[PDB]
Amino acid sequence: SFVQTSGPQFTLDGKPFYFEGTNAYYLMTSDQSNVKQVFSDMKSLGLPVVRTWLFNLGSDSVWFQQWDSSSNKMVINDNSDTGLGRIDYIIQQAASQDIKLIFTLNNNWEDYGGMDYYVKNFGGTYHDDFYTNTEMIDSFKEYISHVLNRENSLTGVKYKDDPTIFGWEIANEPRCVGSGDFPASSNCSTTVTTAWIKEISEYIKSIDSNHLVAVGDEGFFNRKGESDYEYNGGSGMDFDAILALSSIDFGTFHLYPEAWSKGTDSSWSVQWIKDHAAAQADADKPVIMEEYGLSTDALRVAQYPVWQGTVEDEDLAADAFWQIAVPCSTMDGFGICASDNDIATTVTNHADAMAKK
């Protein structure tokens, strides 16, 4: 069936759906043997959901969008081998393994182009131009329409009608400020961020009435006069105002204490989860810690069981760690292999416990 929501829980068929999922942004660039590998590793590790990239703006070997300097147009790549046909294959192997997909449709940062690609090529100078500019928004829309409407060239199923897809995410980790190539206006706020989130999620809802929609943000709050950047709306994001939109089915938050300098031993991280589990309880919508990570094996064996035990007790709908590694590699520091010896205590113990719930 299609993944649904019933109050604070995700639901699949008649039953509530608690899970540990994972990330593999790199599925869009992986060879077929490795796309298959991801899903069989996930399966035996007891992971039923994976979050991954469905945006790729540029002119490398794989691209989904790209600016045409001759045509003055943002053009889309339907190619079997260099473009969206790669997504078709991902959805196919996912469905073959009874695994579900969270597709993120854009990115805040400059990895694989993201928002800044739109801003550069349309003539904008500010990152948050993407949040207001009607011309830029219409290019994001036409892309969304194309992706949701696409027929799967291997299975004949339109994306919007595909039960294999868990749900759509607007963009990865939106802030007012990006990677650095383009700065933020004084014009950007929590009002502007939230309104952009509103109409894009509504635009998704008008085409696709089967799937869930979320933002894919880090989960930053806008609570007046709280201490940290992640709680006081300094980022220009407002988790509360996002989760309050009827156009958003579930809330998303990320956990990166090292990047945010919150100490990889203290109580801030546990408090961070609890705080989002409370927002799940206080509004009546599921929330997912869809990204979390620690830079070292030793940090992960230390804190993952703690964080995961929090997710269990707080009754958080689900969580997805960053990130699974195929081929087996440390990758960016956060890469976890299924071949890892301590996989049970980093990943496995928790996956079963969410499966059981």
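All residue numbers refer to positions in the sequence shown, first residue = 1.
Visitor: Taking the mean of the C-alpha B-factors per stretch from the entry, tell me the winner out of 9 to 17 and 345 to 353.
Guide: In the deposited entry, the stretch with the higher C-alpha B-factor mean is 9 to 17.
Visitor: Taking the recorded C-alpha temperature factors, which stretch has the higher mean, 201 to 209 or 172 to 180?
Guide: Averaged over C-alpha atoms, the B-factors run higher in 172 to 180.
Visitor: Going by the entry, which of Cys188, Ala244, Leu105, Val215 has the most elevated CA B factor?
Guide: The record points to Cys188.
Visitor: At the C-alpha atoms, which of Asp275, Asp161, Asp138, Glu151 reaches the highest B-factor in this entry?
Guide: Each of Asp275, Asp161, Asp138, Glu151 was compared by C-alpha B-factor; the highest is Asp138.
Visitor: Sorting by Cα B-factor within the chain, modelled residues only, which third would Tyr117 end up in: lowest, middle or highest?
Guide: For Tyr117, whose C-alpha B-factor we compare with every modelled residue in the chain, the answer is the highest third.
Visitor: Determine, from the deposited record, the chain-internal third of the Cα B-factor for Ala298: lowest, middle or highest.
Guide: Middle third of the chain for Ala298's C-alpha B-factor.
Visitor: Considering every modelled residue of the chain and its Cα B-factor in the PDB entry, is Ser269 in the lowest, middle or highest third?
Guide: Lowest third, going by the recorded CA B-factors of the chain.
Visitor: Based on the entry's values, in what third of the chain does the Cα temperature factor of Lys36 lie: lowest, middle or highest?
Guide: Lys36: CA B-factor falls in the highest third of its chain.
Visitor: What third of its chain's C-alpha B-factors does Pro327 belong to: lowest, middle or highest?
Guide: Highest third, going by the recorded CA B-factors of the chain.
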